[PDB]
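Structure first, commentary second.
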Amino acid sequence: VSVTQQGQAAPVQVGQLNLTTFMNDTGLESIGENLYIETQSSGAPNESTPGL
Amino acid sequence: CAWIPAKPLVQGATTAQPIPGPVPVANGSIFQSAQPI
Amino acid sequence: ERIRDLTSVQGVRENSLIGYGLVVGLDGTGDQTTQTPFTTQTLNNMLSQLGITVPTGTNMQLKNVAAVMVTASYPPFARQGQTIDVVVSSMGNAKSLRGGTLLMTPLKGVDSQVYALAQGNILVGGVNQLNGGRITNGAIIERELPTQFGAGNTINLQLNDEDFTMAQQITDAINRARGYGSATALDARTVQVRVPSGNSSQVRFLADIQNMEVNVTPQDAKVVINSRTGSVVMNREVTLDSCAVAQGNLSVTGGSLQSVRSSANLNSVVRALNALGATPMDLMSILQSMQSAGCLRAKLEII
Amino acid sequence: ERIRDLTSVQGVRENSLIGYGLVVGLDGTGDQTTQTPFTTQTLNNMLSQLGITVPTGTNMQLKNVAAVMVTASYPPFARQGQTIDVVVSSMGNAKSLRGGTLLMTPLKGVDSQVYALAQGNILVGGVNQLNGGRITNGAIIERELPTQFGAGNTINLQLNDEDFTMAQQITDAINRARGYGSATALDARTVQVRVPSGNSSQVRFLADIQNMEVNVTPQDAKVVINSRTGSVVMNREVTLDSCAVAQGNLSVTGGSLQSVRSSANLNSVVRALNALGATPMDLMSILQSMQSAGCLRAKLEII
Amino acid sequence: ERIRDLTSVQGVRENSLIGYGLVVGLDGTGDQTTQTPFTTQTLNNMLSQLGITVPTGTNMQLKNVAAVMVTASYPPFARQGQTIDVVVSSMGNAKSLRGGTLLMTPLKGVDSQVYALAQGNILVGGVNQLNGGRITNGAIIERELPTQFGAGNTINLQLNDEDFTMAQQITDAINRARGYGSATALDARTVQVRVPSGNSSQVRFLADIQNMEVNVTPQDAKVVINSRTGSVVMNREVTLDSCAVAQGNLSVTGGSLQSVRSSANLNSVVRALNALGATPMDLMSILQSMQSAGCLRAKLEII
Amino acid sequence: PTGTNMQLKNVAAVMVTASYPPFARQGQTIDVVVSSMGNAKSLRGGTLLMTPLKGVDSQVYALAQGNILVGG
């Protein structure tokens with residue numbers, strides 16, 4: 001995530017949006033409003049930089 | 001013209017020094033009041 | 001042991017101390033800290049004082065910290081090292097202070113000077129108030145007040161209630177016990193007492209005076225009415241005059257007009273008023289109407 | 001063994017120590033560390049001190065660490081190497097400190113100097129408070145305070161409660177036990193005692209004085225009312241005057257006005273007030289109204 | 001065998017040691033290592049020290065490794081080669097340390113110097129805490145502290161609790177056992193003892209002094225209230241004064257005001273307070289109100 | 001800071017009324033009445049902070065602080 005500031009000629013890095021990968025994706029528990037909770041059938045959430 | 005001495009609009013001192021507070025009375029009260037007006 | 005219960009000694013008085021503090025150790029019942037910025041601001045101040053600098057731009061959402069106000073009483077002749085009780089009251093949107101601990105709190109006087117330091121564990125009843133607590137010996141005295149006790153040969157006893165008769169009685173008792181010109185009366189509330197010069201001698205004089213017994217003369221008739229709590233209290237001097245009383249849904253146990261007899265003592269007054277069969281809320285209106293008419297020979301005070 | 005229970009020795013006082021620490025070993029009941037940045041900041045500080053440099057840009061979401069505030073009491077004549085008890089209280093959004101361990105915590109004084117070091121295992125009751133705990137002998141004293149004890153020939157006994165009669169009684173007891181001019185009274189709270197020059201001699205004098213027996217003279221009548229906990233306490237000096245009382249839903253066991261007899265001792269007062277059939281919350285309002293009217297011959301203090 | 005239980009010897013004290021380590025051998029109950037970067041960083045550090053260089057850009061998701069903090073006590077007169085017990089506490093988001101092993105951990109002092117090395121197998125109870133454990137003889141002492149014991153002719157016994165009477169009693173016992181000027185008192189907490197010059201002679205003197213028997217004189221009356229655990233403890237010196245007590249849902253076994261008799265010993269106090277029929281949480285408020293009023297002739301300490 | 005939203009729940013602004021007795025002397029204590037001023041619900045277990053009691057001439061004649069007793 002980079003943001004441009006007026007006057008500055010270079011974007012400033014704010015943060016990395018990390019993606020969580022599961023080894024069994026179907027086993028996540030749907031809370032409702034577009035959210036999934038980890039489950040014993042879908043354990044070990046792996047937080048990785050997107051693309052790797 | 002600009003060197004002619006002049007009296008400013010606001011004459012006198014432009015600041016005032018605080019006067020030190022009155023000596024507290026030896027009565028057993030924390031509340032001490034200055035001379036009321 | 002009545003003079004000590006009827007008067008106070010001049011210069012022997014209590015002061016009030018106030019301060020601000022933080023209470024920690026709550027079980028998720030502290031400040032929300034989103035509607036109370038001062039809680040987080042003062043926590044950051046404390047951390048900075050202790051050596052931890054939290055960056056200014058950061059979201060701090062606490063649950064175990066509550067900003068509280070601490071109140072205490074500065075006793076007469078207080079000395080540094082002595083301990084006093086404090087009251088701790090929550091200030092904003094906190095839910096409970098049941099198992100909290102009060103951190104170092106300086107208790108300021110009216111002159112904004114530190115006279116005590118407060119720190120301890122709160123005791124909360126737990127129908128019971130949850131946002132208020134008390135800490136026994138929670139504050140240590142740090143400053144001492146100068147006083148004029150022991151200087152001069154005059155000390156004033158100040159009556160709790162103004163009365164010329166009671167002032168004269170106290171003066172006469174002191175004169176009967178400790179010589180001719182030992183005490184004089186200045187007004188309905190103050191009795192001037194002559195004491196020997198020094199500190200120990202005046203303490204001895206006050207020790208002899210304080211436990212003296214004085215027979216209390218009869219006070220003014222007074223009926224105290226508390227409409228907020230719904231109570232009526234009549235002292236022993238209340239009398240009644242004969243007159244008729246009528247009020248809604250009240251009748252002779254018959255007609256709506258009921259006679260009230262002339263009453264001299266309190267038992268007669270109580271009997272006459274109980275013959276009316278009036279609820280205390282009805283008795284309040286009855287008493288006010290009788291005071292307006294003139295049957296009630298007493299001072300009606302609404303508190 | 002009463003003088004030691006009625007007074008305190010001048011210079012023999014307790015101080016308050018405060019500090020910040022981290023508690024580890026929790027079972028997933030620690031800080032969330034997303035709403036409490038100082039927990040992760042101080043953990044990184046500790047790791048850097050120990051030789052581990054975590055990169056500044058990194059997400060640390062802990063569950064077994066809680067940021068806590070530690071409070072302790074510095075005892076009189078404390079010496080380095082001695083151990084004291086500490087209280088550990090959570091500061092933000094932590095759930096429990098049941099099996100935690102307090103890491104090295106420096107306990108600062110009011111002057112921001114380290115007087116003790118705290119480290120140990122917390123004991124938490126487990127209706128019980130979960131975010132507060134106590135560690136017995138959890139802190140070791142590291143600094144010592146200078147004192148003037150043993151210098152001069154005067155020491156002041158400071159009464160817990162101000163009373164001219166009690167001050168005179170203590171002075172007379174000391175004079176009756178240890179010579180003519182051994183003790184003098186300065187005010188209602190302080191008694192000055194002459195002691196021989198030295199340290200051991202003053203310790204001997206204080207040891208003889210402390211366990212002395214003094215008969216306590218009767219204090220001021222006082223009724224303590226706690227509305228937050230719903231309690232009333234009346235001491236043995238409370239008396240009553242005859243008067244009528246009325247309150248909602250209270251009646252003669254009959255009329256709403258009930259007579260209260262003149263009472264001299266505490267048993268009579270208790271009997272008269274129990275004849276009213278009043279709940280303690282009702283008794284609070286009754287007592288306040290009677291104090292306003294004048295029946296209650298006592299000092300009504302709301303705590 | 002009472003002096004050794006009432007005092008501590010000057011210079012014979014314990015220190016606190018802290019360190020960081022890794023615990024391996026867990027059954028999938030270790031750190032997630034995605035929210036705790038320091039675990040993987042220090043594992044990479046250990047591997048690099050052992051000769052394995054894992055490339056910097058690589059995803060390491062472990063399950064059997066937990067980053068832990070190790071705490072230990074440095075004993076008096078510790079010598080290299082001696083073993084001490086250590087406490088191991090998890091630091092972030094670990095689930096259990098049931099069958100783990102602590103790798104080589106240097107235990108630093110306050111001066112950031114290594115005084116011991118810790119390595120061993122953790123014992124975890126397994127309602128029981130899972131993230132904390134203890135290793136008996138888990139750390140070997142590596143550094144020794146210089147001391148002044150055996151130098152000079154003076155050694156100070158420091159009382160656990162300050163008391164002029166107890167200090168004088170200990171001094172008199174030592175003087176009664178080992179000559180006229182063998183011990184002197186400096187304050188309410190410290191007793192100075194003269195010993196012969198040397199090491200063996202002072203050890204002999206301390207061995208004779210430590211097991212001496214001293215009759216403990218009566219302490220100050222004290223009522224300890226723990227609101228977080230809900231407990232009340234009263235020592236044998238607590239007395240009561242006669243007064244009336246009222247509290248919610250408590251009545252004479254009748255009226256809400258119950259008399260409490262004057263009590264001299266602890267059995268009488270217990271009987272009087274049990275006559276009230278009060279729950280300990282109610283007893284806390286009752287005791288605080290009675291201390292405010294003055295019936296409770298004891299020091300009320302909330303812990 | 002001046003720009004900040006403060007939403008409290010345990011604080012009520014109150015007006016305190018008292019009677020100055022005849023021949024009143026400094027150090028003596030008097031009873032006070034505490035009344036809420038706006039949209040407060042109850043003052044059952046509240047505590048009154050340091051309050052200066054002014055006269056008609058706008059001079060401080062007493063200082064008020066204590067615990068409120070409310071019937072309930």
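Following the order of the structure tokens, chains are lettered A, B, ..., residues in each are numbered from 1, and ligands are numbered from 1.
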Starting from chain C, keep only residues with some atom at most 7 Å from an atom of chain D, counting only C-alpha atoms, and report them as an mmCIF file with C-alpha atoms, in the first residue's frame.
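The result, written out as part_12.cif:
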data_model
loop_
_atom_site.group_PDB
_atom_site.id
_atom_site.type_symbol
_atom_site.label_atom_id
_atom_site.label_comp_id
_atom_site.auth_asym_id
_atom_site.auth_seq_id
_atom_site.Cartn_x
_atom_site.Cartn_y
_atom_site.Cartn_z
ATOM 1 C CA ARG C 4 -17.855 17.323 73.313
ATOM 2 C CA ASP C 5 -21.153 16.321 71.659
ATOM 3 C CA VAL C 24 -6.600 -0.782 37.263
ATOM 4 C CA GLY C 25 -7.293 -4.480 37.668
ATOM 5 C CA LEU C 26 -10.937 -4.429 36.577
ATOM 6 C CA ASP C 27 -12.534 -7.455 34.915
ATOM 7 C CA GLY C 28 -13.452 -5.729 31.677
ATOM 8 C CA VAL C 54 3.772 5.237 23.204
ATOM 9 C CA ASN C 59 -5.407 3.402 18.910
ATOM 10 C CA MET C 60 -5.573 2.331 22.567
ATOM 11 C CA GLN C 61 -8.776 0.516 23.557
ATOM 12 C CA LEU C 62 -8.474 -0.506 27.202
ATOM 13 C CA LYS C 63 -10.943 -2.447 29.336
ATOM 14 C CA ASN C 64 -9.313 -2.774 32.791
ATOM 15 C CA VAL C 65 -8.584 0.926 33.468
ATOM 16 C CA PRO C 76 -7.255 18.245 62.609
ATOM 17 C CA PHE C 77 -3.579 18.358 63.612
ATOM 18 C CA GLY C 81 3.094 9.614 57.867
ATOM 19 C CA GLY C 99 -11.656 -5.434 42.296
ATOM 20 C CA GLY C 125 -20.083 -3.762 48.419
ATOM 21 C CA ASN C 128 -25.214 -1.922 45.707
ATOM 22 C CA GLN C 129 -23.245 0.893 44.115
ATOM 23 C CA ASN C 199 0.241 23.759 74.910
ATOM 24 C CA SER C 200 0.014 21.053 77.587
ATOM 25 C CA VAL C 203 -4.809 20.276 76.312
ATOM 26 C CA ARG C 204 -5.506 19.494 79.977
ATOM 27 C CA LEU C 206 -9.878 20.983 77.006
ATOM 28 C CA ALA C 207 -9.726 17.386 78.256
ATOM 29 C CA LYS C 222 -40.032 21.712 64.847
ATOM 30 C CA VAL C 223 -41.680 19.371 62.340
ATOM 31 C CA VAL C 224 -39.308 18.149 59.623
ATOM 32 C CA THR C 229 -38.074 10.323 50.973
ATOM 33 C CA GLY C 230 -41.632 10.566 52.313
ATOM 34 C CA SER C 231 -40.934 11.036 56.022
ATOM 35 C CA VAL C 232 -42.192 13.227 58.864
ATOM 36 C CA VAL C 233 -40.376 13.776 62.167
ATOM 37 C CA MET C 234 -41.809 15.722 65.112
ATOM 38 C CA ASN C 235 -39.764 16.587 68.188
ATOM 39 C CA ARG C 236 -41.019 16.527 71.779
ATOM 40 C CA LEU C 266 -46.149 14.731 71.909
ATOM 41 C CA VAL C 270 -49.515 11.584 67.909
ATOM 42 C CA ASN C 274 -53.400 8.973 64.197
ATOM 43 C CA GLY C 277 -56.148 7.805 59.631
ATOM 44 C CA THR C 279 -51.073 8.305 55.096
ATOM 45 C CA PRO C 280 -47.760 10.164 55.637
#
Residues of chain A within 10 Å of chain E, using only C-alpha atoms, as a PDB file with N, CA, C and O atoms, in the first residue's frame?
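File written: out-v5.pdb
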ATOM      1  N   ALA A  44      -4.890 -24.165  11.131  1.00  0.00           N
ATOM      2  CA  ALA A  44      -3.593 -23.621  10.746  1.00  0.00           C
ATOM      3  C   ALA A  44      -3.722 -22.561   9.658  1.00  0.00           C
ATOM      4  O   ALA A  44      -3.335 -22.804   8.507  1.00  0.00           O
ATOM      5  N   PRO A  45      -4.246 -21.345   9.960  1.00  0.00           N
ATOM      6  CA  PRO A  45      -4.270 -20.272   8.966  1.00  0.00           C
ATOM      7  C   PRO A  45      -2.849 -19.794   8.638  1.00  0.00           C
ATOM      8  O   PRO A  45      -2.160 -19.404   9.548  1.00  0.00           O
ATOM      9  N   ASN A  46      -2.443 -19.823   7.363  1.00  0.00           N
ATOM     10  CA  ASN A  46      -1.052 -19.447   6.988  1.00  0.00           C
ATOM     11  C   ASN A  46      -1.040 -18.028   6.410  1.00  0.00           C
ATOM     12  O   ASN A  46      -1.481 -17.864   5.273  1.00  0.00           O
ATOM     13  N   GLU A  47      -0.520 -17.046   7.152  1.00  0.00           N
ATOM     14  CA  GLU A  47      -0.474 -15.633   6.684  1.00  0.00           C
ATOM     15  C   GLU A  47       0.754 -15.443   5.798  1.00  0.00           C
ATOM     16  O   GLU A  47       1.873 -15.554   6.321  1.00  0.00           O
ATOM     17  N   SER A  48       0.552 -15.138   4.523  1.00  0.00           N
ATOM     18  CA  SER A  48       1.635 -15.016   3.562  1.00  0.00           C
ATOM     19  C   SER A  48       1.434 -13.767   2.718  1.00  0.00           C
ATOM     20  O   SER A  48       0.308 -13.315   2.495  1.00  0.00           O
ATOM     21  N   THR A  49       2.547 -13.217   2.244  1.00  0.00           N
ATOM     22  CA  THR A  49       2.471 -12.111   1.305  1.00  0.00           C
ATOM     23  C   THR A  49       1.824 -12.591   0.008  1.00  0.00           C
ATOM     24  O   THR A  49       2.078 -13.717  -0.433  1.00  0.00           O
ATOM     25  N   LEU A  52       3.003 -15.580  -3.182  1.00  0.00           N
ATOM     26  CA  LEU A  52       3.979 -16.591  -2.801  1.00  0.00           C
ATOM     27  C   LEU A  52       3.331 -17.661  -1.935  1.00  0.00           C
ATOM     28  O   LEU A  52       2.307 -17.415  -1.289  1.00  0.00           O
TER      29      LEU A  52
END
Given only C-alpha atoms as the basis, pick out the residue of C:102, C:66, C:141, C:195 nearest to chain F.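 Closest residue, counting only C-alpha atoms: C:66.
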Neighbouring residues of region 38-52 of chain F were defined as those with any atom within 7 Å, considering only C-alpha atoms; residues of the same chain fewer than 5 positions away were excluded. Please report them as an mmCIF file with N, CA, C and O atoms, in the first residue's frame.
data_model
loop_
_atom_site.group_PDB
_atom_site.id
_atom_site.type_symbol
_atom_site.label_atom_id
_atom_site.label_comp_id
_atom_site.auth_asym_id
_atom_site.auth_seq_id
_atom_site.Cartn_x
_atom_site.Cartn_y
_atom_site.Cartn_z
ATOM 1 N N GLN C 129 -23.950 0.025 45.045
ATOM 2 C CA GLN C 129 -23.245 0.893 44.115
ATOM 3 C C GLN C 129 -21.968 0.220 43.630
ATOM 4 O O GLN C 129 -21.180 -0.294 44.430
ATOM 5 N N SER D 227 -24.619 4.309 52.207
ATOM 6 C CA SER D 227 -25.716 4.094 51.269
ATOM 7 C C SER D 227 -25.294 3.215 50.100
ATOM 8 O O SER D 227 -26.136 2.530 49.508
ATOM 9 N N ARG D 228 -24.007 3.223 49.748
ATOM 10 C CA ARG D 228 -23.532 2.400 48.643
ATOM 11 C C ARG D 228 -23.551 0.919 48.985
ATOM 12 O O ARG D 228 -23.801 0.088 48.104
ATOM 13 N N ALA F 12 -22.767 13.951 36.789
ATOM 14 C CA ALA F 12 -23.946 14.797 36.664
ATOM 15 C C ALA F 12 -23.640 16.193 37.186
ATOM 16 O O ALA F 12 -23.058 16.349 38.261
ATOM 17 N N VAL F 60 -17.719 33.518 48.449
ATOM 18 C CA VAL F 60 -17.697 32.152 48.957
ATOM 19 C C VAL F 60 -17.826 32.188 50.475
ATOM 20 O O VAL F 60 -17.001 32.798 51.163
ATOM 21 N N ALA F 62 -18.858 29.012 52.098
ATOM 22 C CA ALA F 62 -18.716 27.631 52.525
ATOM 23 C C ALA F 62 -18.192 26.808 51.360
ATOM 24 O O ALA F 62 -18.276 27.216 50.199
ATOM 25 N N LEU F 63 -17.641 25.642 51.690
ATOM 26 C CA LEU F 63 -17.168 24.687 50.694
ATOM 27 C C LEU F 63 -17.847 23.351 50.938
ATOM 28 O O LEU F 63 -17.826 22.842 52.060
ATOM 29 N N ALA F 64 -18.424 22.775 49.888
ATOM 30 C CA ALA F 64 -19.252 21.581 50.000
ATOM 31 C C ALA F 64 -18.572 20.394 49.334
ATOM 32 O O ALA F 64 -18.095 20.501 48.199
ATOM 33 N N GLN F 65 -18.538 19.264 50.040
ATOM 34 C CA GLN F 65 -18.013 18.017 49.502
ATOM 35 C C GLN F 65 -18.445 16.880 50.413
ATOM 36 O O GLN F 65 -18.258 16.956 51.630
ATOM 37 N N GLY F 66 -19.024 15.836 49.828
ATOM 38 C CA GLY F 66 -19.462 14.706 50.623
ATOM 39 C C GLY F 66 -20.223 13.709 49.781
ATOM 40 O O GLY F 66 -20.262 13.803 48.554
ATOM 41 N N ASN F 67 -20.836 12.747 50.466
ATOM 42 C CA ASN F 67 -21.599 11.684 49.827
ATOM 43 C C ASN F 67 -23.088 11.968 49.962
ATOM 44 O O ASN F 67 -23.561 12.333 51.043
ATOM 45 N N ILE F 68 -23.820 11.793 48.871
ATOM 46 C CA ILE F 68 -25.246 12.086 48.846
ATOM 47 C C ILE F 68 -26.025 10.904 49.398
ATOM 48 O O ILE F 68 -25.673 9.741 49.167
ATOM 49 N N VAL F 70 -29.770 9.413 49.089
ATOM 50 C CA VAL F 70 -31.000 9.459 48.306
ATOM 51 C C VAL F 70 -31.893 8.316 48.765
ATOM 52 O O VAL F 70 -31.442 7.168 48.853
#
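Take CA of residue 151 (chain C) and CA of residue 20 (chain F): the distance between them is 29.2 Å.
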Up to 12 Å from chain F, what residues of chain B turn up? Count only C-alpha atoms and give them as JSON, numbers by chain. {"B": [27, 28, 29, 30, 31, 32, 33, 34, 35, 36, 37]}
Distance query residue 28 (chain A) at most 8 Å, only C-alpha atoms, self and fewer than 6 positions along chain excluded, as a list in words: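 So, after excluding close chain neighbours, the residues are residues 36, 37, 38, 39, 41 and 42 of chain A.
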